[PDB]
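Listed below, chain by chain, are the residues.
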Amino acid sequence: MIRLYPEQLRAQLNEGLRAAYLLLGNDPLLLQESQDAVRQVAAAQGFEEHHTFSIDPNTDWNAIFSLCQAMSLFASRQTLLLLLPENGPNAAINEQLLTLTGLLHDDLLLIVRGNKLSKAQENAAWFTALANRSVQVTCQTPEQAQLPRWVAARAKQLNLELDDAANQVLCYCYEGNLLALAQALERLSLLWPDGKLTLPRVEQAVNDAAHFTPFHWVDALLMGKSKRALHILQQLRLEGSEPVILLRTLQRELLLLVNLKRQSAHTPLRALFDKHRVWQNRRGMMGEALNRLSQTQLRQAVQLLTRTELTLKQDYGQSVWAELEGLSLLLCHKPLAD
Amino acid sequence: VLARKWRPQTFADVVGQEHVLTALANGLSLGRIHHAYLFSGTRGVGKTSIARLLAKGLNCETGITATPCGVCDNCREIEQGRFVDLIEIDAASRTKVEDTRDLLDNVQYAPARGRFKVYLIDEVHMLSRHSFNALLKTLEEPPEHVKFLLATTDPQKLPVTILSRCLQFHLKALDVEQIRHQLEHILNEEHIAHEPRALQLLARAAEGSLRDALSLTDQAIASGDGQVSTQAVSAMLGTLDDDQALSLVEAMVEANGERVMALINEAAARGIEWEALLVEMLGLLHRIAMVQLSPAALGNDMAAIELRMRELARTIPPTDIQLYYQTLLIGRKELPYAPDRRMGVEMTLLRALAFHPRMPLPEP
Amino acid sequence: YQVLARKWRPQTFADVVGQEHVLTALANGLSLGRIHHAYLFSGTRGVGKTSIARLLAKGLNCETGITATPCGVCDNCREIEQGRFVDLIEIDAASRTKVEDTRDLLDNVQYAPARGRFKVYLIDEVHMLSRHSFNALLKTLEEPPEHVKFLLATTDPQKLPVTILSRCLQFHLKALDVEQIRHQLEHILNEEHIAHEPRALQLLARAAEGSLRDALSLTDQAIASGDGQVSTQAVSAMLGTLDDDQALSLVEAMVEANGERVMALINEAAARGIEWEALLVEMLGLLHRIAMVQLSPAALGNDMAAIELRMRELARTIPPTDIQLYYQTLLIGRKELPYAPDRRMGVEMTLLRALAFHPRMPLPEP
Amino acid sequence: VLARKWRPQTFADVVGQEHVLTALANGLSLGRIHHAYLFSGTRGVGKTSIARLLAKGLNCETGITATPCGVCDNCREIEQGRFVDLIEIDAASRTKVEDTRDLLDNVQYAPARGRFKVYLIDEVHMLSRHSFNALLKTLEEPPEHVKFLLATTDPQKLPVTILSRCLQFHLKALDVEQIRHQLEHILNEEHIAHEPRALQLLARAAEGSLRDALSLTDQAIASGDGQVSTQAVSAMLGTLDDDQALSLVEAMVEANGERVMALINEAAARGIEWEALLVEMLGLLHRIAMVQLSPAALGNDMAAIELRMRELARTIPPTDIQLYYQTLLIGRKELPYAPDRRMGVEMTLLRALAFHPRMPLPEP
Amino acid sequence: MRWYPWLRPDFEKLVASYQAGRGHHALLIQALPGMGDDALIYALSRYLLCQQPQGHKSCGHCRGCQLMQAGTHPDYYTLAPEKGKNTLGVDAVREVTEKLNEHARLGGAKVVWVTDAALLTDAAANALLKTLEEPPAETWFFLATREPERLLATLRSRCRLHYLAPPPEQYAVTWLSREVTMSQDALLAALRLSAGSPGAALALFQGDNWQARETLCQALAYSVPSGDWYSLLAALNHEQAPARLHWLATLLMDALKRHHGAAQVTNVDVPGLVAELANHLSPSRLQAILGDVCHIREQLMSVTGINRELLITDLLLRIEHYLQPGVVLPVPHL
Ligand SMILES: Nc1ncnc2c1ncn2[C@@H]1O[C@H](COP(=O)(O)OP(=O)(O)OP(O)(O)=S)[C@@H](O)[C@H]1O
Ligand SMILES: Nc1ncnc2c1ncn2[C@@H]1O[C@H](COP(=O)(O)OP(=O)(O)OP(O)(O)=S)[C@@H](O)[C@H]1O
Ligand SMILES: [Zn+2]
Ligand SMILES: [Zn+2]
Ligand SMILES: [Zn+2]
Ligand SMILES: [Zn+2]
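Residues numbered from 1 in each chain as written, not as in the entry; some residues may be left out. Chains lettered and ligands numbered in written order. Heavy atoms only, no water.

Structure determination for this entry, per the PDB record, employed X-ray crystallography and reached 3.45 Å resolution.

The name given to chain E in the PDB entry is DNA polymerase III, delta prime subunit, with the source organism recorded as Escherichia coli. Here the entry title, as the record gives it, is "ATPgS Bound E. Coli Clamp Loader Complex". In its Catalytic activity section, the UniProt record describing chain E reads: "DNA(n) + a 2'-deoxyribonucleoside 5'-triphosphate = DNA(n+1) + diphosphate". (UniProt positions renumbered as here; feature names shortened; annotations may be inferred.)

You'll find chain A entered in the PDB entry as DNA polymerase III, delta subunit, with Escherichia coli given as the organism. In its Sequence similarities section, UniProt records this for chain A: "Belongs to the DNA polymerase HolA subunit family."

Structure representation (structure tokens):
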């Protein structure tokens, strides 16, 4: 299985077509790109019929299994596209795939797609099969160091002069959801055809664009002054956010916060962060919180969240926002006793 | 309803969506036309209005323009919704579930009248697993002369693949001042009466949903019978702020029975959700109690209040304040078990008054 | 002799009470013809939901044409005000016995008025419909005929899909303040030439909870027991409450710390068959008023008079602090009732508590 | 069966519905009658008895009187139900659904024997939409020589149109003593054996119903020997009928834990009614607390524990008994939150234990 | 369904009345769950539905014996709770009511069985009684409830209450020392934590459950002296939260139980654990904890879909709070 990057794919495709193509990674567009890059050469061969079946334990597998079991009377062929689960091929699916691993024939091109595979999942009978015929195309979101480079490269193919500083800002918001970044680019292509994206030009478009993730709220709450926090909240309403999703998002970060503070003298803040593995830059920020939130401030914040969560689901629609507001203010100043 | 009567006919007619207008306008001025658009945002922000304008500058007999002339038969029948080349589909309706499944399995590649065969699917996230893959197979192979204008209030319930082949445009809600200033106009050109207060009681009410604001403004004339006075506006939209909810707190610390009672009478006069009055009160007490710990404890709209609140913060011992929080708190908890709601409140303040820190009442 | 409950049943829109805003909105529509396909009326029970609903169907099929001011004589107006009109189908979704008449009528919509301009469908609480016929509406509402119009009423618009709420012109009818019904009933008895003690009207008033229809219903029972008079004594009788005198005569005795008198009056009272929870609702009442006059001697009603000298005494003589205790002591009293093994017991037990915890002369322990 | 035997014959024999008989009576004695009376009330509170007793006086050969003479033919006949002019309709009966519709359509504007054709409808609200209007039409045009007596246990299920034509009389549930005091009378006049308790228990059994209260006395007589006694009765209701009720309190108040705890387990084994047990304790905490306000409070059956009861009474502080009482009351409420209806009970006593004067105190 | 032994002493007499004429048409069996209710009703009924009984039991050939083994019969009606909801409707009954007014298809005795009478609507009930007031000739009813108290007085006054009391402790234990080997104290506790119903105790072990317990117990073991209750999260967080929560309680109450000197502790399994609790936890603090625990559990139980993690992770931290001195403790309310 020739392992290679999206970029070498077009080159490899040329030399010939291989039994099956494994698109593994989390990036929305590379997967897409690599995908269409494949089919573009298949229909270009004799593959008119194209199929796509998602892997979730609740699928209708007889349909699938028997659709490839059949050789065609008119040699018409097909392109089977399996959509791997979100979590990926569990134990029962290490076989379900091992089965379709010895059926392939030069007139049934296989293209599996999902997020990368774990060292374990990459030994599950099935993968080890394609292990000779196939090819895998690593599709992963570039890191913090190449993140901006990507935006620079790509931009350049969209015939764009995106300044470094204008590149940075963009890279700091939507820091990661490659999806949007790819978007805001073709959009900006549109604002200024034959224009330049100086820092003043992009920074405003982005500033005014004013989109806040409830993640933005939380992060503020991360000891950041309440001002922005509260604003991002009422803004986060006029973005028709559901309150249920705000609650549990802060939870993850508020609970995480309890442990960490709980583990002082357990292990230096350092070692700990890795351990939980959310520490992506948030480390400085998480730390900063863990310096002003008292063991008790935490709890209070946890009792409230609960009241909210509960009060949210027991009188279904008592305008929770009220409480959320108070809540945030709690995570920003010393507290009292009621 | 003023809702339909004032629907935008031109890009100059759209309230605060600049970053979306400038974009669409320009991509229309330089003949740059993608194969599919997607407008996302909340209720009555103008997703539909901009999609329709968009379809209109594309099929303007005057030519592909950022400024449809608005008088062509292409512009008129599109305005009417009776445009052969403007197939509108609702993925939200229960009744048209079949005409929504078929209009896509049978896309029409050749335009009947204008230059384009535009489609517009409201709440496009509401399609059937079937209709999805259908619109996917179509945008994967964008049939020319066939454009796709999508709208959704939740571009997240959409598969990435489809969102992948579109050009999204996030519309923001509208400012409370961006609306009040949009009414003051819509009104003054329809020669109707109004008070600056009323206009703000309305804008606010509409939660960034202009559509609603107007749909509300019609009723306020329906009930106010012609005039848009605060009185009629607040009639349906209760006294949404009344700095008395606080005036009661103070009236309470000052231990000015006469005012407390008086003030309640004024609230009762209007008729308020009693216990609401309690929580409100409490919660003030609760911030004032906060404020006096970390002064930077006054959020966004605390501004009008600001001075009033601070004064209390300082001038009143953190203890006495807990006493109130508590007393007040407790009175709510018993409220439904009071001979009568208002009484319950009066009677609970009376509590504080005799159980007051300084100033408590006497006996002979 | 003519139960007002019928003699004052609203006929025009003018006859309705205090719900102006929601009437004005209907005064227009009918006047400008802006007739929508669906009318929604939300509200507690007792608020003129149905009542105001007829006043629409009396202004839709009226021969005088579509008016906001129907004429009470045309054959259509009369039959409508008698629950029997060929195009006025009245469905009660909360109805058990009529469930099959509920399903068959919503799937069998007649697209042709038999005697009126439109065909009126009055539905009491639609959120209570069957999953089957509920959809019958959904569809008929999406694409409704021109002649068929709908009138919905709910005790809770929440449990109604947003698929229908958005498809109708909502109208929330607020219950009526106490002093509003108090005023009506006064103006109705004054206009029916019936004697009447103020104290007794407020009783009939609060008795009916913001429900004028009911307020009249009771007003009638009172008039029947009062032998042509609404006297505190007849009223309090029915309600099975305490005659302002007796409530205070307990309190008085409660304050005085003497059980006997208390327990005595309870019997004396249990004799008249009281409604136990109300022997407290009524004390609490007074205690309230007392401590209120200690804050402003002005705070005293206008019929309290018969007991005024006594109100004022207690007030000027007991520590507000103190009073705030009996009030709360009975308050939490009411609270427990449902769990006291007997509504009387709870009520006796509770005054003892007051007595055991009196603050000037508590019950003694050797 | 006693229930049928003691059906009221004259108003003076109706128990606890005064605000009613008061009216009705006052109505009759002044020839002031209506054409439609509606009687609302829960089960076996006296609906059918009063309507039947009204009709009995409306038609008495002696005259329109609130005091049926009860010896003239119309009265005797109304008593056995064989009164041609006493048309009893059961709007809840599925069997006669046809006779209902028939007779009403084939109405008798002309009474055969008495001065009024009286229609007595039970559970009116359960009427067919058809009947509803059939009736409603007759109420609009009340044929003279006719009166309608409506009786429902849920008046709300009725059409405001029918409601409005009627004079409404509600029937309140009977306080306990009331029911029990009758049983006493009954039993005496019938010369049967009875013990206080069995009478207490019996009353408490028929929740506020005098009808269930009697029919229960029947089954209870049927159960044991023709003798309404504590055993016989609790033998139907399976009640404890054992001083563990009290035997349990005593301990609690001495802070015996071991004992209380003990006492319960040994009680679990019997199969007690947990909630029921609480109910009894509060019960005693009361006859006690009350014995304290006046040494006469004790009454009829507790002459069996007189001494004990009195001992608590004179030794535990009035103040302290409230707190016990009150705590248990609370636990009765929370009885269902606790996983175990017993953990509940124990959870609760162990609660009044500590919160005692000198009870168990902390340590590491 | 599984006729256990202890159901014979009771099955004996009961049949003794159906064979002698002194049988009540209404038999309410008050009994725990997994104590045998189930089988004793099915058992008796089979005797009564025998065309040619052989004395104490059926023959197995006759139309009755056959149709009954077959399952479907013309006189055996099962009024269980509406499939889905958790209540019995007025309807189900009213149709089974008249369904008796017609003579026996096999001409003999008809029989009805109710899952748990304490599960019908006040309406569904009364609908019933009227049937019991007017008993349908040679017919037999059988009601069973866990708690006969929660059953309408007027109703329960129309049937014969039969207390399927559980067997002696030693007996039950033995009977279990056979079905599964475990330290006899883990067999006792397994019994006590079940009201004494052997069957119940049986299905505790019968899963990874009873070891799941151990897991928890151990936790507390440290959690108590350490003062770290947050650690419990581990053991309590999970689908079986209620179930487990109920355990943490029992122990708790055992601590209180000891604090006062009660002779009987439920989790005899781990006397070390309960005494340690009756230490770093004054009476009044178990109390509170027992409190929140019985509550929170219940929240999960009822409130459709709360965030279990949140709840439990809150309960815990707060407990810790209770512990901290100066802190003031929760009291039951209203
Ligand atoms: N940005 C805007 N500028 C001017 N008028 C607007 C704007 N948004 C809404 N309106 C008014 O609101 C009505 C509805 O707006 P639409 O464009 O249909 O909103 P929408 O965002 O598509 O809303 P939905 O269908 O509820 S998601 C129009 O007919 C206008 O009168
Ligand atoms: N208020 C009462 N005073 C004296 N005996 C009563 C009273 N209420 C009921 N009883 C007894 O209960 C039996 C039935 O009472 P009814 O008047 O038929 O009750 P009801 O309110 O009509 O009940 P239903 O039919 O269940 S709604 C009578 O025959 C009496 O023996
Ligand atoms: Zn044009
Ligand atoms: Zn008319
Ligand atoms: Zn007579
Ligand atoms: Zn047999």
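Read on for the rest.
Some thoughts on the overall build of chain E
Tallying secondary structure elements over chain E gives 15 helices and five strands in all. The principal-axis extents of the C-alpha atoms in chain E amount to approximately 75 × 45 × 35 Å. Evaluated residue by residue, chain E yields a buried proportion of 54% over its 334 residues. Put simply, 68% of the contacts in chain E that link residues at least 6 apart link residues at least 24 apart. For chain E, the computed accessible surface area is about 14900 Å², with 52% contributed by carbon and sulfur atoms. Mean positive and mean negative side-chain charge positions of chain E (29 and 32 charges, respectively) differ by 6 Å. (Helix = DSSP H or I, 4+ residues; strand = E, 2+ residues; numbered from the N terminus. Buried < 20%, exposed > 50% of the residue type's maximum accessible area, 1.4 Å probe, protein only. Contact = heavy atoms within 4.5 Å. Areas by Shrake-Rupley, 256 points an atom, 1.4 Å probe, with all protein chains shown as cover. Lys, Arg positive; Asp, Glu negative; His and termini not counted. Charge placed at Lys NZ, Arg CZ, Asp CG, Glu CD.)

Describing the site of ligand 2
All names here are of chain D. Neighbouring residues of ligand 2: 20 residues in total, closest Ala3, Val15, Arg43, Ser49 and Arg211. Between ligand 2 and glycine 44 there is a distance of 3.0 Å, counted from an oxygen atom to a backbone nitrogen or oxygen. Contact distances for ligand 2 include 3.1 Å between a nitrogen atom and a backbone N or O atom of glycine 46. Burial of ligand 2 by the surrounding chains reaches 93%, relative to a free accessible area of 650 Å². Looking at the shell around ligand 2, the elements with two or more residues in it are α3 (47–58) and α10 (210–223). Tallied by class, the residues present in the shell around ligand 2 amount to eight nonpolar, six polar and six charged. When residues of the shell around ligand 2 are assigned to domains, at least three map to each of domain 1 (1–174) and domain 2 (175–237). (Near = heavy atom within 4 Å. Polar contact = N/O pair within 3.5 Å; in protein donor to acceptor, adjacent residues only side chain to side chain. Nonpolar A, V, L, I, M, F, W, Y, C, P; charged D, E, K, R; others polar. Domains from an automatic or database assignment.)

Considering the interface of chain C and chain D
Facing the 63 residues of chain C at the interface are 55 residues of chain D. Carbon and sulfur atoms supply 54% of the area that chain C and chain D bury against each other, a total of about 4700 Å² over both sides. Contact with chain D buries surface across chain C, with C:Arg6, C:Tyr339 and C:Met349 losing the most and accounting together for 15% of the total. Where chain C touches chain D, the interface holds two salt bridges. Our count for the contact surface shared by chain C and chain D stands at 13 residue pairs in polar contact. Residue assignment for the side of chain C that touches chain D shows that the elements contributing at least two residues are α1 (4–7), α3 (49–57), β2 (88–92), α5 (99–107), α10 (212–225), α11 (232–239), α13 (261–271) and α17 (343–356) of chain C. (Buried area = accessible area lost by both parts, 1.4 Å probe. Salt bridge = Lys/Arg side-chain N within 4 Å of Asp/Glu carboxyl O.)

Comments concerning the packing of helix α7 (residues 164–172) of chain A against helix α9 (residues 199–209) of chain A
Residue and element names in this part refer to chain A. Where α7 meets α9, the axes come as close as 8 Å, and the angle between the chain directions of the two elements is 20 degrees. Accordingly, the angle class assigned to the pair α7 and α9 is roughly parallel. Taken as a pair, α7 and α9 cross one another with a handedness that is right-handed. Residues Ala165, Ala166, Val169 and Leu170 of α7 touch α9, and the partners they reach there are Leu199, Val202 and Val206. Counted by class, the contact of α7 with α9 contains seven nonpolar, no polar and no charged residues. (Axes fitted to C-alpha atoms, helices over the stretch in contact; angles between N-to-C directions. Parallel < 35°, antiparallel > 145°, perpendicular 65-115°, else oblique. Left-handed = near helix turned anticlockwise from the far one by under 90°.)

Re the coordination of the zinc ion (ligand 4)
All names here are of chain C. Donor atoms from the polypeptide that coordinate the zinc ion (ligand 4) comprise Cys62 (SG), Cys74 (SG) and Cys77 (SG), at 2.5 to 2.6 Å from the metal. Mapping the donors of the zinc ion (ligand 4) onto the primary sequence gives the spacing C-x11-C-x2-C. Taken together, the residues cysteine 62 in the loop between α3 and α4 (75–80) and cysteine 77 in helix α4 connect sequence positions 15 residues apart. Side by side, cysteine 62 and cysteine 77 carry an identical accessibility label, which is buried. (Donors = N, O, S within 2.8 Å, 3.2 Å for Na, K, Ca; no water.)

Overview of the site of ligand 1
Residue and element names in this part refer to chain B. Ligand 1 sits among 19 residues. The nearest are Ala3, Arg43, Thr48, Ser49 and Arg211. Note that an oxygen atom of ligand 1 is positioned 2.8 Å from one of the backbone N or O atoms of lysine 47. A distance of 2.6 Å separates an oxygen atom of ligand 1 from a polar side-chain atom of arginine 211. For ligand 1, whose unbound accessible area comes to 650 Å², protein coverage reaches 95%. Residue assignment for the shell around ligand 1 shows that the elements contributing at least two residues are α3 (47–58) and α10 (210–224). Here the element with the most residues in the shell around ligand 1 is α3; it accounts for three residues.

What about the domain arrangement of chain A?
Here chain A is partitioned into domain 1 (2–142), domain 2 (143–213) and domain 3 (214–338). A C-alpha centroid distance of 41 Å is found between domain 1 of chain A and domain 3 of chain A.

Observations regarding the pattern of salt bridges
Summed over the entire model, instances satisfying the criterion amount to 84 salt bridges over all chains. C:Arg167 serves as the salt-bridge partner of C:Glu142, at 3.0 Å between the closest nitrogen and oxygen. Of this pair, C:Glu142 sits in helix α6 (residues 131–142) while C:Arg167 is found in the loop between α7 (162–165) and α8 (178–189), placing the two residues 25 residues apart along the sequence. On the basis of relative accessibility, which here comes to 30%, the residue C:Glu142 falls in the partly exposed class. In this structure, D:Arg341 and D:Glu275 form a salt bridge, with 3.9 Å as the shortest nitrogen-oxygen distance. Remark: D:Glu275 occurs in helix α14 (residues 275–293) and D:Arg341 occurs in helix α17 (residues 341–354); sequence separation between them is 66 residues. For D:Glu275, a relative accessible area of 21% puts it in the partly exposed group.

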